[PDB]
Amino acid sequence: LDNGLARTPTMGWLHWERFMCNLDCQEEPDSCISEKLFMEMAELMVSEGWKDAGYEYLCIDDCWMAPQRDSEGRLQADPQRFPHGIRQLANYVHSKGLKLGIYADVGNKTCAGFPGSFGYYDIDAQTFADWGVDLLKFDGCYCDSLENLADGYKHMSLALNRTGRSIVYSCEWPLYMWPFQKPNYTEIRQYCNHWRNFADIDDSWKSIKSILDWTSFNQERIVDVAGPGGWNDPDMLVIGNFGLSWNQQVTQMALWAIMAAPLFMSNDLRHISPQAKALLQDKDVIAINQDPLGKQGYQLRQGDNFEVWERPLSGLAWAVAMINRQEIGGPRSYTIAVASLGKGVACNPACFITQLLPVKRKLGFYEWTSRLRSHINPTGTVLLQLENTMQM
């Protein structure tokens, strides 16, 4: 989408995975979807270093709406859970130097059952723009026809443009097409800043594996369409929650960097371990994700329960991730000729290699004929950065 936005993958926080559709503010006040939750999250995004690391968008997902539209036919926030309304919440978020994202659905209802946007694309777009919204996530539930889906996503893109406000447009169009037909990613790119391809993530290693395996299986189809202004979205980062071991969290961070994924955390910033915070705020890995060249990485090889992925970076640099998919035993040694990496360009005539994950450590100079030797933990990843050099 040519709106000048998302020139690097968008970074922020999204409530869905950790908080879902919890409407019980009497019995579960700390977990229900309410304006107080988002205000506190904004405060912590500032005070705990998230904004500095680059996480800019505070995003509301489903279940913010009142059961029905108002007298003028416009959407309204829930009166009990959002008494002061979206405009005042946007003012607060902007006052913290952050941007506000919101959610809607292409069909007649949202996935959770709240008012959909069909028939209201231009007025809903104008409502969001008046409220000060900076990002829209557009879901695809309750729409069982491809023509309606496509026209909806295109229409809402054009309506957002016509409002005149800069709004990141996040689509679930490809995901909802697959039951019917393979998506045309050139068209989707034309209309969207990023697009969900695959099933929702949850707080499990099984889910991470399923997303990685789907991405590598389909990589001929999706890797080259990604770039500044339009990204593949493999769904939220779940680091800092409950279901991933430390090595599995490292794997998710490393591979979302390789994949040029939007980095939308879905966690509770009020209750997050120092280790999880340090990984999510890791300057070098974020710098890989945000690389200005904007070329998505890919799976280079797979075998013997190992995977090697790599991503080209600006200035003849490359990032390389090595995953150990064997879920028994101990760290396994993996060796590869550096000439096999980075299309044979990374280490010609030499490269300096720095390990970034699981720990940062300079590995030294490797000649084009050299071999790289590493040990990789079960379900963990080693992430390396290769800098081309003629020194040595």
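Here the rigid core means the biggest group of C-alpha atoms that line up within 1.5 Å when the two forms are laid on top of each other. Residues carry their position along the shown sequence, with the first being 1.
Rigid core superposition in 7 other deposited structures of this protein puts the Cα atoms of one stretch, out of 136 to 144 and 245 to 253, farther from the shown form on average, and that stretch is 136 to 144. After a core fit, the C-alpha atoms in 7 other deposited structures of this protein lie farther on average from the shown form in one of 177 to 185 and 76 to 84, namely 177 to 185. In this entry, 20 to 28 has the higher mean Cα B-factor, the comparison being between 20 to 28 and 5 to 13. Mean C-alpha B-factor is higher over 175 to 183 than over the other stretch, the pair under comparison being 175 to 183 and 276 to 284. The top Cα temperature factor in the record, among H84, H271, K295, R196, falls on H84. As recorded in the entry, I123 carries the highest CA temperature factor of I123, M253, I102, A261. In the PDB entry, a CA B factor belonging to the highest third of its chain's modelled residues is recorded for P349. For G243, the recorded CA B-factor ranks within the lowest third of the chain. Only modelled residues enter the ranking.
When the CA B factors of the chain's modelled residues are split into thirds, the value for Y92 lands in the middle one. In this PDB entry, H155 carries a Cα temperature factor that places it within the highest third of its chain's modelled residues. The entry lists a Cα temperature factor for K36 that places it in the middle third of the chain's modelled residues.
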